[PDB]
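Chains A, B, C, D, E, F, G, H, I and J, in that order, are what the protein sequence lines are. Using the UniProt record's numbering, the first residue of the first sequence is number 79, and each one after it goes up by one. Using the UniProt record's numbering, the first residue of the second sequence is number 566, and each one after it goes up by one. Using the UniProt record's numbering, the first residue of the third sequence is number 616, and each one after it goes up by one. Using the UniProt record's numbering, the first residue of the fourth sequence is number 715, and each one after it goes up by one. Using the UniProt record's numbering, the first residue of the fifth sequence is number 12, and each one after it goes up by one. Using the UniProt record's numbering, the first residue of the sixth sequence is number 12, and each one after it goes up by one. Using the UniProt record's numbering, the first residue of the seventh sequence is number 324, and each one after it goes up by one. Using the UniProt record's numbering, the first residue of the eighth sequence is number 324, and each one after it goes up by one. Using the UniProt record's numbering, the first residue of the ninth sequence is number 324, and each one after it goes up by one. Using the UniProt record's numbering, the first residue of the tenth sequence is number 470, and each one after it goes up by one. For each residue, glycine too, the CB sits at the ideal point set by N, CA and C. Shown next, in structure tokens, is the structure this report addresses.
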Amino acid sequence: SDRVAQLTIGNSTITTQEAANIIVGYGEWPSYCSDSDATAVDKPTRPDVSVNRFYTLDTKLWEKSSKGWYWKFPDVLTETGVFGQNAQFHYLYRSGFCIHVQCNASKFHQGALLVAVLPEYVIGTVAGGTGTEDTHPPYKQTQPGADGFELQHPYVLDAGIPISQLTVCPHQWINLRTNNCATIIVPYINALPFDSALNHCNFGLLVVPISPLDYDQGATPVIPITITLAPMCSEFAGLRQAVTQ
Amino acid sequence: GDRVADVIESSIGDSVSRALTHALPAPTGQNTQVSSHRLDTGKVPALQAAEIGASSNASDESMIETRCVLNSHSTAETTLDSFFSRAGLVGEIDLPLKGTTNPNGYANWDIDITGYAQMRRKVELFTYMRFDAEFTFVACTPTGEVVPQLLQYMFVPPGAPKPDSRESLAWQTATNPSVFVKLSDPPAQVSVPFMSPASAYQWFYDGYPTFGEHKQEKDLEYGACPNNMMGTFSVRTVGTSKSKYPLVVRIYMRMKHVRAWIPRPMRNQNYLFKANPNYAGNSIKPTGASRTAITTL
Amino acid sequence: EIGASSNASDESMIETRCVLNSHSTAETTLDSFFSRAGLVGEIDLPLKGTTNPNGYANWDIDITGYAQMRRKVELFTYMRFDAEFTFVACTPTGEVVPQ
Amino acid sequence: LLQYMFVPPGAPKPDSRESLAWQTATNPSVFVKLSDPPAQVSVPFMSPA
Amino acid sequence: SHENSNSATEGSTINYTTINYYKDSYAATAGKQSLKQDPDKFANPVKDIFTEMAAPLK
Amino acid sequence: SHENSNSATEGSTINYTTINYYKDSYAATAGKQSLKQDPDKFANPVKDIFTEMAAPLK
Amino acid sequence: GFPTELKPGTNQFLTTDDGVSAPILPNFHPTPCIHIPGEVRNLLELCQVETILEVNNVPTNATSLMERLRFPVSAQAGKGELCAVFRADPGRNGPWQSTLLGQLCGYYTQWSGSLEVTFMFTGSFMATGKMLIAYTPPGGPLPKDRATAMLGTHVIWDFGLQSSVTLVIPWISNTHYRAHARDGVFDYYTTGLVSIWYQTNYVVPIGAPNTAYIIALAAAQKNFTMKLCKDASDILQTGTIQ
Amino acid sequence: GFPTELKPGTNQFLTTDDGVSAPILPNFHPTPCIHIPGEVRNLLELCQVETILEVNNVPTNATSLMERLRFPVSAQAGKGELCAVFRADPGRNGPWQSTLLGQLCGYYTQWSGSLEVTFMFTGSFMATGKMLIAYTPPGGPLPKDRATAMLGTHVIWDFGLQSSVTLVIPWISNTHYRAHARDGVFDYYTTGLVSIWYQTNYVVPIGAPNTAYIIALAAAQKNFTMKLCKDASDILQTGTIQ
Amino acid sequence: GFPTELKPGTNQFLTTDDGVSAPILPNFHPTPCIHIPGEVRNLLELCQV
Amino acid sequence: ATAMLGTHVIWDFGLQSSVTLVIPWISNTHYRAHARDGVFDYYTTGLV
Ligand SMILES: C[C@H](CCOc1ccc(I)cc1)CCN1CCN(c2ccncc2)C1=O
Ligand SMILES: C[C@H](CCOc1ccc(I)cc1)CCN1CCN(c2ccncc2)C1=O
Ligand code: NA
Ligand code: NA
Ligand code: NA
Ligand code: NA
Ligand code: NA
Ligand code: NA
């Protein structure tokens, strides 16, 4: 009754029989930009169903030694379906997201993944080890696209901050003995009403195993983790030719 | 006009962001109510499901027999203004006589407060912050001595000409705000408004400032957001000749009328650079003290 | 040719949305623009010199010797106003002496 | 010019004239010259008792 | 007073009681903020709220 | 106050809200000006005004 | 006396401080103010007045300076050829520096609003033609061809009795205000690009010039405002003005 | 002029003085504030959010840091063996330093209120067990055995569909507020000890891991408040930050 | 500014002067005062013992 | 990734042994005739 659930949006429907409720980040639902917060004057385009639907972009394999991964939004979708096109043809973009991380196992497996959403997830580098070299993360590390990227030092979230406090952000846990998915709804988060879907990543999705995956020899060893997400209340403006970056 | 049903009944355009929580008044800590033994089935406050993502709702009253306690402890000292409205060092500007830095009697300081750990760690607890501020300028020689020297501080907003010398024409300051004061006077002090083009400054910007390819040589710009760059603060000794004394200017900032959004984990590795969260990889230390065994203090 | 600026607006050239503009026009009023103290004169009183080595000096009240201020006021042909004058004195190194 | 700073129990005590603790971001500090009149401030009742 | 409304908090859900002498409100003191709080925004942002007495996973 | 009227703006279409301590008004602050504007004076000083919709040369 | 206590700021001189100062001439009454035409109350009033935009800002020798005030059009080869281009950034070095809007803009750190450029064709009466004037919002690189330019905000101008056409550069920004844009991280505040193409062709009969010019006039819309007063980038003085 | 008289304090600069200072930009209006999710009004709001408590704070090499976030349980010999222990002092060096509560706590000299620690079992679904989690108020030395621990405030946790259990560390002090406790005379403000014992045993069938981990999440109750603002004990900077 | 004029006494520190001084800890609330036996209000109370 | 761009359902095994995929009527014509290889593939419904 809180364990079962169906998420239908657009022409896509998701089901789960082992859920742990739903989290609505910062207590508020995605909403379209009001006429008072807005500043751009052109009439926006709100594709609706063609872009606000569930997209299943990537699958990683959870292992006894995995460190964790992260994806940046809306970077992950900028090259997929009608959403991608609108994000490319338009200068301005804004939307919310419904994130559904999937991972099932057996009643004999164990482990716990922390699934969180961290706004303005700026990545740092190890500074050449000694901290004397002022290195910087490459485009492929800041905006990893759909394949996401693996954390080098999860304890500090590759940014000099404790993962132990990441729970201060909208999150859920995927404890195998309890559930097989996490569901987080996120509203538009920025200090501006609209922004570039290309140059700015509003937040990052983190999937990190805090309690190591384990099982005995003989149990299915391939435990996938799939990422499905749906934009919500997508709005675009400032039309012109398509641009990938 | 709209005729097809799906259009009439759509929610496309709702600008009213539905909120699930509302703020209540809490001037004091919650009181404790009396409670007694409960030997029930079905009822189970102690049992939780952290997976959901919420903190425990279990209270003192439901876990043990409690007495009544009228809590009058105030929550006033933990408000944003109470926490941040305390002047702290955010800049130091040297004006030496014989030196390698500013031996010309003037100096330009980029307005960035991330060069000092104490202040920096506090503000980085939040992603976005909107506030006004009170700046105080303490000047003296390097020994802390006070000398009869007249100085001019000038705010050079982005786009205004940065003085290139002690005799620059820009010191005419016809439009820029300037402050003339002696080292003998008390510290200069002024109020600054919230000047960003954005609704709030942000200590973290996960993106690039421009479009195009982001090749190696341009990665210095990852995380740079012009909305946080308020301009330059220039200082000079007021004269066409070099000053007879070496000077030091300490800049203190005290925020006021503060608003913050999106809390984040707090820095646990030493800071290295102003512009980024880079940390020393060979020296990743735990967040705190450690011990020999989990079963011993 | 008529001599007037275009009357064409955003609404009539493209499909626009509604935007409630609350941006203020206060900082562009005349007082906001001009009521900022700027340098308009420098008077030297040197000891051993070619100019005023007599301990006194006469300055003709004319503020057109300084570009910044001058260019601002010359945007208008006629101007009527009151003014606040501030006199900053010191030695050439910027030192303060009991004089 | 002098700097007086109140270091409550648990705050880092400066170990030198150049200590980082003098950044005084949260502790209350008073900057004053020996030439100024005596510094003066009001202190509340701070005990846990 | 009859001053400008340039304070960074102009129009906040929490009203302030401040002091000022200039025509620009942002020059005012920090004053006293209002003591409201909303822990649930961060500590319990769940859609279908669950009781204390009941078991969280129904 | 009961002072002289020596301000350079005495009798202006835009009223001011100022502060003063002396008997001569011109010593007062700059205060706040009134926010009126008349762009047409410079941007459209035509005798027979022409509509936007219509063609300017009828 | 009454107990007071001096606070920091004491004795300082802030050039923008709006305070009270003692009057030098007590009981002095100024000369009455008669009526004078053209009183201006707000700089914004001046920003709505069109001035000549030097789109053709290439000639530099004294004798050819007047050529910056106008660019040409002429019979082409019907391949939707490019006529001219320029950035729409009003407070940026370039064509806009010739306008009063651009200069006044230099006295403010941030601006916000829609801009407008009116193009007046000064060819002969017998000359006809259609042009495509486009505005490419941020992120869009200089359109390689007309087809690409046509994908953004644009106007198709037809020569006729009405010598002019107005291109509106609607306010399309992410931030409520833009600061003066320039090469570097501040290109974040760039407004975009304006390109002019031949939609049809400059056609003329026997007896009329094969080349005519266009004069561009620019100004701001009524939603334009500026803020955070600052000194202009230029100081028109080398040595001392005597 | 009006008769005044300067009092002590004149000219001093108190960093916490809340006074008025002259505005540098007259008539300047800030950019309007749009709606932004997650506004926080009081640090106490953050103290009620659970963060990971590093009960297992022993590993120090970089490659094993993530192991501090969780401690283990496993099949025993049914002798009510001890699983783990830690001080409940929130503002004391130790496990609490990993929590946001502990860090925010460092910015205040005194605190008051009940704390709570929620333990989440991450073993397999087929694993069962009962644990005894006890809180020993001041004066009680580290319980030598379960029987001794059981004499104080405690909870008996049963593994099941509900993965977690919450131990409440009720406010039991002599003083209304406690200052940060540490070795020495300041141990006067110590909160106490938390010990975890096996009530029954970690039982598992054939085919499931003999070792599973527990993740501890801590935060404060709604009667928690802090006072007497102070600088944190750490300053994350060695030399100058460039 | 407002016309003032300093009088003798300016800058002096009188140990018995009962004036106002800036608070070091804004918005700080002291620990509540519980009931304690034997409160004395005036030294004269002690003189009668 | 390509399949996911159309109408779909994500099925989770559990107490409920079954899941229902709906093949909504998405045609250009009001009716479809029996589709087969050739010009009559015009009436094809699609792929699952
Ligand atoms: C309060 C300062 C602006 C101070 O502006 C003035 C202006 C004039 C004067 I006189 C004194 C100070 C802005 C501080 N901020 C805004 C955000 N920011 C920043 C720095 C580094 N990385 C991200 C943001 C940052 O350093
Ligand atoms: C505000 C000054 C008058 C200042 O008068 C005093 C009088 C007494 C004192 I003590 C200080 C200043 C007049 C400035 N103006 C009026 C117009 N003007 C001028 C200069 C050059 N060419 C045309 C006009 C010019 O320089
Ligand atoms: Na005066
Ligand atoms: Na004065
Ligand atoms: Na007198
Ligand atoms: Na001041
Ligand atoms: Na006296
Ligand atoms: Na005082």
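| Query | Result |
| --- | --- |
| Cβ of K43(F) within 8 angstroms of any chain E Cβ | yes |
| Below-8 angstroms beta-carbon distance, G483(J) vs any chain A residue | yes |
| Contacts around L392(H), its chain only, beta-carbon distance under 7 angstroms, and the 5 residues preceding and following it disregarded | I375, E377, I538 |
| Burial state of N384(G) (16 or more Cβ within 10 Å) | exposed |
| Within chain B, partners of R695(C) - CB distance below 9 angstroms | Simply none; closest approach about 20 angstroms. |
| Test: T643(B) CB closer than 8 angstroms to a CB of chain A | no |
| 7 angstroms Cβ cut-off: residues of chain A touching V634(C) | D113, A116, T117, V119 |
| Any heavy atom of ligand 3 nearer than 6 angstroms to the CB - residues listed | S344(G), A345(G) |
| Residue closest to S761(D), alpha-carbon to alpha-carbon, out of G403(H), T432(H), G361(H) | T432(H) |
| Within 9 angstroms of chain B by C-beta, residues of the segment 272 to 301 of chain A in sequence order | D273, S274, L276, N277, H278, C279, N280, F281, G282 |
| For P346(H), three-class secondary structure by DSSP | strand |
| Where the beta strand (DSSP E) through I519(H) begins and ends | 516 to 521 |
| Beta-ladder partner(s) of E21(E), from DSSP | Paired residues: none, contrary to the question. |
| Contiguous alpha helix (DSSP H) assignments of at least 4 residues, all confined to the segment 461 to 517 of chain H | 469 to 472 |
| Beta-bridge pairing of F442(G) - partner residues as DSSP gives them | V488(G), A539(G) |
| Collapsed DSSP secondary structure at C428(G) in the structure displayed | helix |
| Completely contained alpha helix (DSSP H) runs for the segment 190 to 243 of chain A, where each covers 4 or more residues | 217 to 220 |
| Nearest to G452(G) (by Cα), restricted to the options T561(G), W480(G), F394(G) | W480(G) |
| Beta-carbon neighbours of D35(E), restricted to chain A and to distances below 9 angstroms | Chain A residues near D35(E): none, gap ~23 angstroms exceeds 9 angstroms. |
| As assigned by DSSP and simplified to three states, the class of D273(A) | strand |
| Inter-residue Cα distance where the pair is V440(G) and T327(I) | 57 angstroms |
| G475(G) at chain L interface by Cβ criterion, 8 angstroms | Although the question refers to chain L, the structure presented lacks it and instead comprises the protein chains A, B, C, D, E, F, G, H, I and J. |
| Proximity test, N268(A) beta-carbon vs ligand 1 heavy atom, cut-off 7 angstroms | no |
| Check whether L438(H) and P413(H) have beta carbons under 8 angstroms apart | yes |
| Proximal residues of chain D, C-beta to C-beta of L654(B) below 9 angstroms | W736, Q737, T738, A739 |
| Bridge partner(s) assigned by DSSP for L716(D) | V746(D) |
| Boundaries (first-last residue) of the alpha helix (DSSP H) holding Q163(A) | 159 to 167 |
| Residue environment, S518(H), which counts as buried when at least 16 other CB atoms sit within 10 Å | buried |
| Where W140(A) falls, given that 16 or more other Cβ within 10 Å makes a residue buried | buried |
| Sequence-distant residues of the same chain with beta carbon closer than 6 angstroms to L490(G), five excluded per side | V440, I456, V478 |
| Buried or exposed (CB count within 10 angstroms, at least 16 for buried), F798(B) | buried |
| Element boundaries [alpha helix (DSSP H), containing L369(G)] | 366 to 370 |
| When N380(H), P353(H), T339(H) are compared against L551(H), the one with the closest alpha-carbon | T339(H) |
| Cβ of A502(G) within 8 angstroms of any chain B Cβ | yes |
| Coil, strand or helix - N673(B) by DSSP | strand |
| Option nearest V343(G) by Cα separation, candidates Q44(F), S16(F), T29(F), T40(F) | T40(F) |
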